[PDB]
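Pasted below: protein_30.cif, mmCIF, N, CA and C atoms.
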```cif
data_query
#
loop_
_atom_site.label_atom_id
_atom_site.label_comp_id
_atom_site.auth_asym_id
_atom_site.auth_seq_id
_atom_site.Cartn_x
_atom_site.Cartn_y
_atom_site.Cartn_z
N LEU A 3 92.63 136.17 102.66
CA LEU A 3 93.47 135.32 103.47
C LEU A 3 93.93 136.06 104.73
N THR A 4 95.08 135.66 105.26
CA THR A 4 95.53 136.11 106.57
C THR A 4 96.68 137.12 106.52
N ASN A 5 97.13 137.50 105.33
CA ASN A 5 98.25 138.42 105.18
C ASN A 5 97.90 139.68 104.42
N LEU A 6 96.92 139.62 103.53
CA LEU A 6 96.54 140.73 102.67
C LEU A 6 95.52 141.65 103.34
N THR A 7 95.83 142.01 104.57
CA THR A 7 95.01 142.94 105.33
C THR A 7 95.86 143.61 106.39
N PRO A 8 96.91 144.33 105.99
CA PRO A 8 97.84 144.87 106.97
C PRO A 8 97.19 145.97 107.79
N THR A 9 97.75 146.19 108.98
CA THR A 9 97.18 147.18 109.88
C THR A 9 97.23 148.59 109.30
N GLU A 10 98.15 148.87 108.37
CA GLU A 10 98.25 150.22 107.83
C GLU A 10 96.95 150.65 107.18
N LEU A 11 96.19 149.72 106.60
CA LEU A 11 94.95 150.04 105.92
C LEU A 11 93.72 149.82 106.79
N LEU A 12 93.91 149.47 108.06
CA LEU A 12 92.81 149.13 108.95
C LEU A 12 92.58 150.28 109.92
N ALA A 13 91.45 150.97 109.76
CA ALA A 13 91.11 152.13 110.58
C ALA A 13 90.06 151.70 111.59
N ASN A 14 90.51 151.33 112.79
CA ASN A 14 89.60 150.88 113.82
C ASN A 14 88.77 152.04 114.34
N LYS A 15 87.45 151.87 114.38
CA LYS A 15 86.57 152.91 114.88
C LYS A 15 86.84 153.14 116.36
N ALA A 16 87.38 154.31 116.69
CA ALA A 16 87.77 154.57 118.07
C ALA A 16 86.55 154.84 118.94
N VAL A 17 86.70 154.53 120.22
CA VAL A 17 85.69 154.90 121.21
C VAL A 17 85.84 156.38 121.50
N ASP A 18 84.76 157.14 121.31
CA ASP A 18 84.87 158.59 121.47
C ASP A 18 85.02 158.93 122.94
N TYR A 19 86.14 158.53 123.53
CA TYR A 19 86.40 158.76 124.93
C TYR A 19 87.86 159.12 125.10
N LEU A 20 88.12 160.11 125.94
CA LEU A 20 89.47 160.51 126.31
C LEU A 20 89.66 160.28 127.80
N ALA A 21 90.83 159.78 128.17
CA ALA A 21 91.10 159.60 129.59
C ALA A 21 91.47 160.93 130.21
N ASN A 22 90.60 161.93 130.03
CA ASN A 22 90.82 163.26 130.57
C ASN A 22 90.24 163.29 131.98
N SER A 23 90.98 162.68 132.90
CA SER A 23 90.60 162.61 134.30
C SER A 23 91.72 163.16 135.16
N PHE A 24 92.24 164.31 134.78
CA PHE A 24 93.33 164.90 135.53
C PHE A 24 92.79 165.64 136.75
N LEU A 25 93.70 166.04 137.63
CA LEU A 25 93.28 166.63 138.89
C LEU A 25 92.77 168.04 138.67
N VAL A 26 91.46 168.15 138.45
CA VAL A 26 90.81 169.43 138.26
C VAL A 26 90.16 169.94 139.53
N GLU A 27 90.06 169.12 140.57
CA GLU A 27 89.49 169.53 141.84
C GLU A 27 90.21 170.74 142.40
N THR A 28 89.48 171.83 142.58
CA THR A 28 90.04 173.09 143.10
C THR A 28 89.10 173.66 144.15
N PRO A 29 89.15 173.15 145.38
CA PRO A 29 88.26 173.70 146.41
C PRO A 29 88.65 175.09 146.86
N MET A 30 89.95 175.35 147.07
CA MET A 30 90.39 176.71 147.34
C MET A 30 89.90 177.68 146.28
N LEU A 31 90.08 177.35 145.01
CA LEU A 31 89.47 178.16 143.99
C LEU A 31 87.96 178.06 144.07
N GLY A 32 87.43 176.85 144.30
CA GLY A 32 85.99 176.66 144.27
C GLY A 32 85.26 177.53 145.26
N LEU A 33 85.73 177.55 146.50
CA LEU A 33 85.32 178.60 147.41
C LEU A 33 85.98 179.91 147.00
N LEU A 34 85.27 181.01 147.22
CA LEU A 34 85.69 182.34 146.75
C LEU A 34 86.01 182.34 145.25
N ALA A 35 85.18 181.65 144.47
CA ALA A 35 85.21 181.78 143.01
C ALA A 35 83.98 182.46 142.47
N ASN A 36 82.80 182.04 142.90
CA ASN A 36 81.58 182.71 142.46
C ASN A 36 81.45 184.10 143.05
N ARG A 37 82.40 184.54 143.87
CA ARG A 37 82.38 185.87 144.45
C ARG A 37 83.52 186.76 143.99
N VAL A 38 84.30 186.35 143.00
CA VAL A 38 85.41 187.17 142.54
C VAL A 38 84.87 188.44 141.91
N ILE A 39 85.55 189.56 142.16
CA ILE A 39 85.10 190.87 141.70
C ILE A 39 86.04 191.33 140.60
N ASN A 40 85.46 191.74 139.48
CA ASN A 40 86.22 192.20 138.32
C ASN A 40 86.19 193.73 138.33
N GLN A 41 87.20 194.32 138.94
CA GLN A 41 87.29 195.77 138.98
C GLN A 41 87.71 196.33 137.63
N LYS A 42 87.11 197.45 137.25
CA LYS A 42 87.63 198.20 136.11
C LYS A 42 88.92 198.92 136.46
N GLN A 43 89.22 199.08 137.74
CA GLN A 43 90.48 199.63 138.17
C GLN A 43 91.44 198.49 138.50
N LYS A 44 92.65 198.84 138.91
CA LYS A 44 93.68 197.83 139.13
C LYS A 44 94.11 197.69 140.57
N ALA A 45 93.96 198.73 141.39
CA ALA A 45 94.37 198.68 142.78
C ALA A 45 93.17 198.39 143.67
N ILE A 46 93.38 197.56 144.68
CA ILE A 46 92.38 197.26 145.68
C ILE A 46 92.77 198.01 146.94
N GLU A 47 92.04 199.06 147.27
CA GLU A 47 92.29 199.80 148.49
C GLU A 47 91.12 199.66 149.44
N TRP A 48 91.43 199.39 150.69
CA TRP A 48 90.46 199.40 151.76
C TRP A 48 91.15 199.93 153.00
N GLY A 49 90.42 199.98 154.10
CA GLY A 49 90.94 200.53 155.34
C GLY A 49 91.15 199.42 156.36
N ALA A 50 92.19 199.56 157.16
CA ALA A 50 92.44 198.64 158.26
C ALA A 50 92.61 199.47 159.52
N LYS A 51 91.66 199.38 160.44
CA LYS A 51 91.86 199.93 161.77
C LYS A 51 92.87 199.05 162.48
N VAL A 52 94.06 199.59 162.71
CA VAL A 52 95.17 198.75 163.16
C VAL A 52 95.46 199.00 164.63
N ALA A 53 95.13 200.19 165.11
CA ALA A 53 95.25 200.50 166.52
C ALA A 53 93.91 201.02 167.03
N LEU B 3 59.38 88.95 145.04
CA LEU B 3 59.44 88.00 146.13
C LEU B 3 60.89 87.79 146.52
N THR B 4 61.11 87.02 147.58
CA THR B 4 62.43 86.71 148.10
C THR B 4 63.40 86.36 146.97
N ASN B 5 62.88 85.81 145.89
CA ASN B 5 63.67 85.52 144.70
C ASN B 5 62.99 85.96 143.41
N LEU B 6 61.71 86.30 143.44
CA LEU B 6 60.95 86.63 142.24
C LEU B 6 60.98 88.11 141.91
N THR B 7 61.84 88.88 142.55
CA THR B 7 62.08 90.27 142.18
C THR B 7 63.58 90.49 142.17
N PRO B 8 64.25 90.16 141.08
CA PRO B 8 65.69 90.38 141.00
C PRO B 8 65.98 91.87 140.92
N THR B 9 67.20 92.22 141.31
CA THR B 9 67.61 93.62 141.24
C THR B 9 67.45 94.15 139.82
N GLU B 10 67.84 93.37 138.83
CA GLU B 10 67.87 93.84 137.45
C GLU B 10 66.49 94.11 136.88
N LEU B 11 65.43 93.70 137.55
CA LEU B 11 64.08 94.00 137.11
C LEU B 11 63.43 95.10 137.94
N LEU B 12 64.16 95.70 138.87
CA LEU B 12 63.64 96.79 139.69
C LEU B 12 64.22 98.10 139.17
N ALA B 13 63.33 98.98 138.70
CA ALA B 13 63.76 100.18 138.01
C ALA B 13 64.54 101.11 138.93
N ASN B 14 64.05 101.30 140.16
CA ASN B 14 64.63 102.25 141.12
C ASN B 14 64.62 103.67 140.55
N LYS B 15 63.41 104.17 140.34
CA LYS B 15 63.26 105.51 139.79
C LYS B 15 63.86 106.54 140.73
N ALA B 16 64.62 107.46 140.16
CA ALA B 16 65.41 108.42 140.92
C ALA B 16 64.62 109.70 141.15
N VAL B 17 64.98 110.41 142.21
CA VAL B 17 64.43 111.75 142.40
C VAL B 17 65.04 112.67 141.35
N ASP B 18 64.20 113.46 140.70
CA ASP B 18 64.68 114.30 139.62
C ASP B 18 65.52 115.43 140.19
N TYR B 19 66.69 115.08 140.72
CA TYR B 19 67.55 116.04 141.39
C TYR B 19 68.98 115.83 140.92
N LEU B 20 69.48 116.78 140.15
CA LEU B 20 70.89 116.88 139.78
C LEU B 20 71.60 117.79 140.76
N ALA B 21 72.82 117.41 141.14
CA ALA B 21 73.44 118.01 142.32
C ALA B 21 74.69 118.82 142.01
N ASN B 22 74.65 119.66 140.97
CA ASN B 22 75.78 120.54 140.70
C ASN B 22 75.57 121.83 141.49
N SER B 23 76.35 121.98 142.55
CA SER B 23 76.37 123.22 143.31
C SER B 23 77.76 123.81 143.25
N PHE B 24 78.31 123.84 142.04
CA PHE B 24 79.68 124.25 141.85
C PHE B 24 79.81 125.76 141.94
N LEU B 25 81.06 126.20 142.07
CA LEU B 25 81.36 127.61 142.10
C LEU B 25 80.83 128.27 140.84
N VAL B 26 79.83 129.13 140.99
CA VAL B 26 79.23 129.79 139.84
C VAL B 26 79.15 131.28 140.10
N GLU B 27 79.55 131.71 141.30
CA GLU B 27 79.68 133.14 141.55
C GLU B 27 80.68 133.75 140.60
N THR B 28 80.22 134.71 139.82
CA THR B 28 81.09 135.52 138.98
C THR B 28 80.76 136.98 139.25
N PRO B 29 81.08 137.48 140.44
CA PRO B 29 80.75 138.88 140.73
C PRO B 29 81.61 139.86 139.97
N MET B 30 82.91 139.59 139.84
CA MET B 30 83.73 140.44 138.99
C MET B 30 83.22 140.43 137.57
N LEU B 31 82.87 139.25 137.06
CA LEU B 31 82.11 139.21 135.82
C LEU B 31 80.75 139.85 136.02
N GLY B 32 80.12 139.65 137.18
CA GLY B 32 78.80 140.22 137.40
C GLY B 32 78.79 141.73 137.28
N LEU B 33 79.74 142.38 137.95
CA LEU B 33 80.05 143.75 137.63
C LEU B 33 80.47 143.82 136.17
N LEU B 34 80.08 144.90 135.49
CA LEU B 34 80.52 145.14 134.12
C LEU B 34 80.22 143.96 133.19
N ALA B 35 79.06 143.33 133.37
CA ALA B 35 78.58 142.28 132.48
C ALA B 35 77.42 142.73 131.62
N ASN B 36 76.36 143.23 132.23
CA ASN B 36 75.23 143.72 131.46
C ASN B 36 75.55 144.98 130.68
N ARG B 37 76.80 145.43 130.72
CA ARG B 37 77.28 146.53 129.90
C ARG B 37 78.45 146.10 129.03
N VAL B 38 78.51 144.81 128.68
CA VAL B 38 79.51 144.33 127.74
C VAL B 38 79.16 144.85 126.35
N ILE B 39 80.16 145.35 125.63
CA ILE B 39 79.96 145.89 124.29
C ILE B 39 80.46 144.88 123.28
N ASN B 40 79.60 144.51 122.34
CA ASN B 40 79.94 143.57 121.28
C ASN B 40 80.26 144.37 120.03
N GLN B 41 81.54 144.56 119.76
CA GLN B 41 81.98 145.26 118.57
C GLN B 41 81.94 144.36 117.34
N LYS B 42 81.69 144.99 116.20
CA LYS B 42 81.90 144.34 114.92
C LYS B 42 83.36 144.38 114.49
N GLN B 43 84.21 145.06 115.25
CA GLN B 43 85.63 145.12 114.96
C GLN B 43 86.42 144.53 116.11
N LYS B 44 87.63 144.09 115.80
CA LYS B 44 88.46 143.37 116.75
C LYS B 44 89.26 144.28 117.66
N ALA B 45 89.24 145.59 117.41
CA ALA B 45 90.12 146.50 118.12
C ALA B 45 89.32 147.50 118.94
N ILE B 46 89.98 148.04 119.95
CA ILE B 46 89.40 148.96 120.91
C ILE B 46 90.32 150.17 120.92
N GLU B 47 89.85 151.28 120.37
CA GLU B 47 90.65 152.48 120.26
C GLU B 47 90.03 153.56 121.12
N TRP B 48 90.82 154.15 122.01
CA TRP B 48 90.34 155.30 122.76
C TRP B 48 91.52 156.15 123.17
N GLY B 49 91.25 157.41 123.39
CA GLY B 49 92.31 158.33 123.72
C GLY B 49 92.60 158.41 125.19
N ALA B 50 93.75 158.97 125.51
CA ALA B 50 94.15 159.12 126.90
C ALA B 50 95.01 160.37 127.00
N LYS B 51 94.49 161.43 127.61
CA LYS B 51 95.33 162.57 127.91
C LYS B 51 96.30 162.16 129.01
N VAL B 52 97.58 162.08 128.67
CA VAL B 52 98.58 161.57 129.60
C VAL B 52 99.45 162.67 130.18
N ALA B 53 99.37 163.88 129.64
CA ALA B 53 100.14 165.00 130.15
C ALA B 53 99.26 166.23 130.23
#
```

Could you spell out this file's structure in structure tokens?
Amino acid sequence: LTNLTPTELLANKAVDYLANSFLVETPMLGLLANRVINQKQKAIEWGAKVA
Amino acid sequence: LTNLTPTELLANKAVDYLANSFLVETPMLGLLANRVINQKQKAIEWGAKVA
């Protein structure tokens, strides 16, 4: 009938989709990302001719 | 004849032309139509990352 089927026992097959469309666009990161350097040291020293 | 062909004995065969030119454009339906999903269940479950 129309009452002996409560929602508690009804497991609707979900669509295997998540609305995971958050703002992942990272152009600043995207540029100068494939060129990041992983130093075994911790300090970055270089020279600047200033005068 | 002037009297020997009454209207009621003249068939007046019609041109086989039906004239329904009604609004039948369903472009919003046309979009997302050939990808309609016919579920065997009445419910539509999907996730949404909201945070």

Pick out each residue of chain B that DSSP on the backbone tags as helix (DSSP H, G or I); I need them as a PDB file with N, CA and C atoms, in the coordinates of the input.
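Dumped everything to part.pdb:
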```
ATOM      1  N   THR B   9      67.200  92.220 141.310  1.00  0.00           N
ATOM      2  CA  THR B   9      67.610  93.620 141.240  1.00  0.00           C
ATOM      3  C   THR B   9      67.450  94.150 139.820  1.00  0.00           C
ATOM      4  N   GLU B  10      67.840  93.370 138.830  1.00  0.00           N
ATOM      5  CA  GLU B  10      67.870  93.840 137.450  1.00  0.00           C
ATOM      6  C   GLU B  10      66.490  94.110 136.880  1.00  0.00           C
ATOM      7  N   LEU B  11      65.430  93.700 137.550  1.00  0.00           N
ATOM      8  CA  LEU B  11      64.080  94.000 137.110  1.00  0.00           C
ATOM      9  C   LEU B  11      63.430  95.100 137.940  1.00  0.00           C
ATOM     10  N   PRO B  29      81.080 137.480 140.440  1.00  0.00           N
ATOM     11  CA  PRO B  29      80.750 138.880 140.730  1.00  0.00           C
ATOM     12  C   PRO B  29      81.610 139.860 139.970  1.00  0.00           C
ATOM     13  N   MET B  30      82.910 139.590 139.840  1.00  0.00           N
ATOM     14  CA  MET B  30      83.730 140.440 138.990  1.00  0.00           C
ATOM     15  C   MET B  30      83.220 140.430 137.570  1.00  0.00           C
ATOM     16  N   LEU B  31      82.870 139.250 137.060  1.00  0.00           N
ATOM     17  CA  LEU B  31      82.110 139.210 135.820  1.00  0.00           C
ATOM     18  C   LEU B  31      80.750 139.850 136.020  1.00  0.00           C
ATOM     19  N   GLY B  32      80.120 139.650 137.180  1.00  0.00           N
ATOM     20  CA  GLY B  32      78.800 140.220 137.400  1.00  0.00           C
ATOM     21  C   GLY B  32      78.790 141.730 137.280  1.00  0.00           C
TER      22      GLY B  32
END
```

Checklist entry - Cα RMSD of chain B on chain A, all Cα atoms paired in order, least-squares fit? => result 0.9 Å

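Atom C of residue 46 in chain B is positioned 5.7 Å from atom N of residue 17 in chain A.
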
Next on the checklist: Here's the selection I'm unsure about, the PyMOL selection byres ((chain A) within 5 of (chain B)); applied to the file above, which residues does it give, as a ChimeraX atom specification?
Outcome noted: /A:16-17,19-22

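Taking atom N of residue 27 in chain A and CA of residue 39 in chain A as endpoints, the distance between them is 22.3 Å.
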